4 protein chains.
Amino acid sequence: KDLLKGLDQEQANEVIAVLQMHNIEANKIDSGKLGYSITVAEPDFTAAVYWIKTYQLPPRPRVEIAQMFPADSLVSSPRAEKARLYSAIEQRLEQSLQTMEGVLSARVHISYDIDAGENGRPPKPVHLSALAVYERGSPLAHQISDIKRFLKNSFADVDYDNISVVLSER
Amino acid sequence: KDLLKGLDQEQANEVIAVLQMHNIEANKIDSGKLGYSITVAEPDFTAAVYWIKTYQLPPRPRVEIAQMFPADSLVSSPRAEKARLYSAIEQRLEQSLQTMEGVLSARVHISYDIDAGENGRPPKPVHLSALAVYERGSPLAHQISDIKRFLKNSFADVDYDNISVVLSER
Amino acid sequence: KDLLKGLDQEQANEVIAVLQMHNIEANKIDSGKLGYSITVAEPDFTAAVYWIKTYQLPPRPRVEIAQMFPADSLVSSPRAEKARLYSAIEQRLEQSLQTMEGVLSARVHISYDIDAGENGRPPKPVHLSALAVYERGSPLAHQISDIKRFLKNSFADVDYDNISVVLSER
Amino acid sequence: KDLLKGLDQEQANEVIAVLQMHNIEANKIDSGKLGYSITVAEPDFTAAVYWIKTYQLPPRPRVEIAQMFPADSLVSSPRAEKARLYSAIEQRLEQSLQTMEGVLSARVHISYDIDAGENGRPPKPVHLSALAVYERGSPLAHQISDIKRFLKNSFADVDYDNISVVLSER
C-alpha cells in the first residue's frame, strides 16, 4: 500500500528511517523527477500511519508571507512592509541560532508593534518566542541564557523578561 | 458497495485501517489519477458508515480564507489584511507546536481586535484557543504550561489567563 | 418504485442501511455519473417514505452564503464582509469540534454585532449556539464544559453564559 | 382519470401511498423526464380529490425570495440585503432542527427589525415562530425547551418569551 508520493529525499529518508526503526517493512521508489514514494505491506499500514502521524509526518505547509497576492494587490506603505521586515529578522535569528552545535531546528516568532492608543498616548509591544530542537545527544539547557541574550540584542526594544526560549530534544 | 472515491492516500489509509480494525471487510482500488476508492461488502455497509461517521470521516471542507473572491473584489486596507495576518500567525503557531513529540494535529484560533468604542475610548480584545491531539502513547498534560507560554509570546498583547489549551488523545 | 435518483454514495448508503434495518426491501443502482438511485417494492413504498421522512432524508439544501449574487452585485464594505468572516469562524469551530472522538456532526451559529443605538451609545451583541451529534456508543455529556471553553476562546467577546451547547445522540 | 402529471418521485409516492391507504385504486406512470403521473378509476375520482385536498396535496408553490426581479432591478443597500440575511438564518435554523431525531419538517419565520421612530428614539423588534412536524412514533414535546434555546442563541437579540415553538404530529 502506498503511503505518500512526491516526497523530497530528506522527508522520505526521515519517514523511512522512522518506520524501519519501529519494525515496519517500508520500501521506497524514486520517480522521474527525483521525488520519492514510500509504501508498506498492507498488514503494517495502520501502524505505519499511526507512527507517521505521531511524529508530525508528513510536515504540513503553512501560510507563506510571500503568497500575499490574495490579500492585497500593491504595497506603498507600512503594515505589509513591517511584516516582511519582521520575517527577515526571524529568519536571520533562526540562521544564527542554527549554527550553535546541537541545534537541529529552530523557530522564532517576533512581536514588535508601534501603536497609537489616542492623542498623546503611544504604546510599544515587544516580545520574542523561540523554540529550538536539539539533537538527542546534546544538552543545550546550559545555553538558554546565551540564546536569550543573542535574541535580545538582535531585535529593537527587547528585554529578557519578554523572551521565551524553549528547548526540546528530538 | 462503494463508500467513497477520489480519496487521498492518507484519508483512504486512515479509513481503511479504522474499518479493518473494527472487523469490516473493506477493499481499496486506485484510479488513473492516483486517487483511492474504498468499498465494503453490502452486509457491512451500515456498520461501515456508522464507524466512519463516528470518527469524523470523511473530513469536511471548511471555508478557505483564500476563497474570499465571493466577498470582495479588491483589498486596499484593513479588515481583510488583518484576517490574513491572523491566519498566517495561527499557521505559524500550529507549525511550531506540531514539532513537539507526541502532537499529531493542532488547531489555533486567535482573537486580536483593536476597536474604537467612541471618542476617547479604545478597547483591545485578546485571546487564543488551542486544541492539540496527541498520540495514544504520549501524555502531553505536563506540557500544557509550556504550550501556553509558547502561544503567549508568539502573539501581540496576550496573557496566560486568556489562552485555552485543550489536549485530547486520538 | 423509485425513491430518489442522483444521490451521493454517502446519502444513498445511509438511506439504504436505514431502510434495510427496518425490514424494507430496497435496491440500489449506480448511473453513468456515479450517482445512486434507490428503489423499493411498491408494498413497502409508504413505509419507506415514512421512515426516510422521520430521519430527515433526503437532507434539504439550505441557503448558501456564496450564492449572494441575487442580493447584491458588488461588496466594497461591511455587512456582507462580516457575514463571510462569521461564516469562516463557524466553519473553523465546526472543523475543530469535529476532531473530538465521538462527534459525527456539528453546527455552529454565531452572533457578533457592533451596533450604534444613537450618538454616544454603542451596543455589542455576543452569543453562540452549538449543536453536536454524538455516536450512539459515546457519551459526550462530560465534555460540555470543554466544548463551551473552546467556543468561548475562539470568538471575540464571548462569555460562557451566552453559549448554548446541545449534544444529541444520533 | 388523471389526477396530476409532472410530479417529483417524493410527491407522487406520498400521494400514491395516502390514496392506497384509504382504499383508492391509484396507478402511476413515469414520463420521459422521470416525472410521475397519478391516475384513479373515475368512481374514486371525487374521493381521491377530497383526500388529496385534506392532506395539502399537491403542495403549493409560495413566493421565492430569489424571484425578486419583478420588485427591484438592483440592490446597493439595506432592505433587500436584510431579507436575504434573514432567509439564510431561517434556513440555517431549519437545517439544524431537522437533525433532531423525530423531526420530519420544520418552518422558521424570524422577525428582526431596527426602526427609527423619530430623533432620539430607536426601537428593536425581535421574535421567532417555529413549527416542527414530528413522526407519528416520536413525542418531541419534552424537547420544546431545547428547541427554544437553540433558536434563541442562533439569532441576534432574542428572548425566550418571544419564541413560539409548535410541534404537530404528521
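Enquirer: So what exactly am I meant to see when it comes to the overall build of chain A here?
Expert: Along its length, chain A carries four helices and six strands. Starting at the N terminus, the α and β elements of chain A follow one another as β-α-β-β-α-α-β-β-α-β. By the compact-globule yardstick of 15 Å for 170 residues, chain A is too spread out, its C-alpha radius of gyration being 21 Å. Along the first, second and third principal axes, the C-alpha atoms of chain A reach 70 × 45 × 25 Å. In chain A, which comprises 170 residues, the proportion classed as buried is 37%. Partitioning the contacts of chain A with sequence separation of at least 6, the portion at a separation of at least 24 is 57%. For chain A, the computed accessible surface area is about 10300 Å², with 51% contributed by carbon and sulfur atoms. Considering chain A, the positive charge centre built from 19 side chains and the negative charge centre built from 23 side chains are found 3 Å apart.

Enquirer: Which parts of the structure should I look at to understand the interface of chain B and chain A?
Expert: It is common to give the size of an interface as the accessible area that goes away when the parts come together. Taken together, the 46 residues of chain B in the interface contact 42 residues of chain A. Taken over both partners, the interface formed by chain B and chain A buries close to 4100 Å², and the fraction arising from carbon and sulfur atoms is 47%. At the surface where chain B touches chain A, the tally comes to one salt bridge. When the shortest N-O distance is used, the salt bridge between A:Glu90 and B:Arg92 registers 2.7 Å. Connecting chain B to chain A are 20 residue pairs in polar contact. For the side of chain B that touches chain A, the secondary structure elements donating two or more residues are helix 1 (9-21), helix 3 (78-97), strand 4 (103-112) and helix 4 (144-152) of chain B.

Enquirer: Teacher, can you tell me more about the packing of aromatic side chains here?
Expert: Under the defined criterion, the tally for this structure stands at eight aromatic pairs over all chains. Relative to C:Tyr112, the ring of C:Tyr86 lies with its centre 5.9 Å away and its plane at 70°, an arrangement referred to as edge-to-face. Here C:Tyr112 lies in strand 4 (residues 103-112) and C:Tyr86 lies in helix 3 (residues 78-97), a separation of 26 residues in the sequence. C:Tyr112 sits in the buried class, given a relative accessible area of 13%. An aromatic cluster of three or more residues is present, and its members are A:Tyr86, A:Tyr112 and A:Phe155. Across the ring face of A:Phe45, the terminal group of B:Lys28 is positioned such that the distance to the ring centre comes to 4.9 Å. In this structure, D:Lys152 packs its charged tip against the face of D:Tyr160, placed 5.3 Å from the ring centre.

Enquirer: Explain the pairing of strand 2 (residues 26-30) of chain A to me, please; I cannot follow it from the model alone.
Expert: On a regular strand, each side chain points to the face opposite its neighbour's, so the side chains alternate between the two faces of the sheet. All names here are of chain A. Of the pairings in the sheet, the one linking strand 2 to strand 3 (residues 36-40) comprises five bridges and is antiparallel in character. Paired with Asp 30 across the strands is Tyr 36, a residue of strand 3. Between the end of strand 2 and the start of strand 3, which pair antiparallel, lie five residues, with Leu 34 showing a positive phi angle near 85°.

Enquirer: Sorry, what's going on with the interface of chain B and chain C here?
Expert: Chain B puts 42 residues into the contact, and the matching count from chain C is 46 residues. When chain B packs against chain C, the two sides together hide about 4100 Å² of surface, and 47% of this comes from carbon and sulfur. The three residues of chain B that bury the most area against chain C are B:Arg62, B:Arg107 and B:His109, which together make up 18% of that side's buried surface. The interface formed by chain B and chain C includes one salt bridge. For the pair chain B and chain C, the interface holds 20 residue pairs in polar contact. Of all elements in the fold, only strand 1 (2-7), helix 2 (45-54), helix 3, strand 4, strand 5 (126-134) and strand 6 (163-169) of chain B reach the threshold of two or more residues within the side of chain B that touches chain C. Examining the composition of the side of chain B that touches chain C, we find that seven residues originate from one element, helix 2 of chain B, more than from any other. For the side of chain B that touches chain C, the per-class residue count stands at 18 nonpolar, nine polar and 15 charged.

Enquirer: Please explain the nonpolar core as it appears in this structure.
Expert: General note: in soluble globular proteins, nonpolar side chains tend to be found buried as a group. Of all hydrophobic cores here, the largest spans 71 residues; its most connected members are C:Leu19 and D:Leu19. If near-sequence neighbours (up to four positions away) are discounted, D:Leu19 is found in contact with D:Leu3, D:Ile24, D:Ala26, D:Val40, D:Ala48, D:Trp51 and D:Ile52.

Enquirer: Would you mind going over the packing of helix 2 (residues 45-54) of chain C against helix 1 (residues 9-21) of chain D with me for this structure?
Expert: When two helices pack together, you describe them by how their axes are tilted relative to each other and by the distance separating the axes. Two elements in contact, helix 2 of chain C and helix 1 of chain D, have axes whose closest approach is 9 Å; the angle formed by their N-to-C orientations is 125°. Comparing the axis directions of helix 2 of chain C and helix 1 of chain D gives the class oblique. With respect to the hand of their crossing, helix 2 of chain C and helix 1 of chain D are arranged in left-handed fashion. On helix 1 of chain D, the residues touching C:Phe45, C:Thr46, C:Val49 and C:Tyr50 of helix 2 of chain C are D:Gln9, D:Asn13, D:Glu14, D:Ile16, D:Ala17 and D:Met21.

Enquirer: Help me understand the side chain of C:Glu135, please; the structure alone is not making it clear to me.
Expert: Relative to the assigned elements, C:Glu135 resides in the loop between strand 5 (126-134) and helix 4 (144-152). One buried charged residue, C:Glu135, remains without a salt bridge, the closest side chain of opposite sign being C:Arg170 at 4.0 Å. In this structure the side chain of C:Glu135 is engaged in a polar contact, spanning 3.3 Å, whose partner is the side chain of B:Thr54. Among all residues touching C:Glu135, those that are not within four sequence positions of it are B:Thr54, C:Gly102, C:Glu169 and C:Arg170.

Calculation criteria
Residues numbered from 1 in each chain as written, not as in the entry; some residues may be left out. Chains lettered and ligands numbered in written order. Part of a larger assembly, values for the part shown. Heavy atoms only, no water. Helix = DSSP H or I, 4+ residues; strand = E, 2+ residues; numbered from the N terminus. Rg over C-alpha atoms; globule rule 2.2 N^0.38 Å. Buried < 20%, exposed > 50% of the residue type's maximum accessible area, 1.4 Å probe, protein only. Contact = heavy atoms within 4.5 Å. Areas by Shrake-Rupley, 256 points an atom, 1.4 Å probe, with all protein chains shown as cover. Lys, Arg positive; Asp, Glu negative; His and termini not counted. Charge placed at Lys NZ, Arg CZ, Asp CG, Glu CD. Buried area = accessible area lost by both parts, 1.4 Å probe. Salt bridge = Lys/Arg side-chain N within 4 Å of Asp/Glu carboxyl O. Polar contact = N/O pair within 3.5 Å; in protein donor to acceptor, adjacent residues only side chain to side chain. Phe/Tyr/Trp six-rings, centres within 6.5 Å; stacked < 30°, edge-to-face > 60°. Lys NZ or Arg CZ within 6 Å of the ring centre and 35° of its normal. Pairing = 2+ DSSP bridges. Nonpolar A, V, L, I, M, F, W, Y, C, P; charged D, E, K, R; others polar. Core = buried A, V, L, I, M, F, W, Y, C linked by side-chain atoms within 4.5 Å. Axes fitted to C-alpha atoms, helices over the stretch in contact; angles between N-to-C directions. Parallel < 35°, antiparallel > 145°, perpendicular 65-115°, else oblique. Left-handed = near helix turned anticlockwise from the far one by under 90°.

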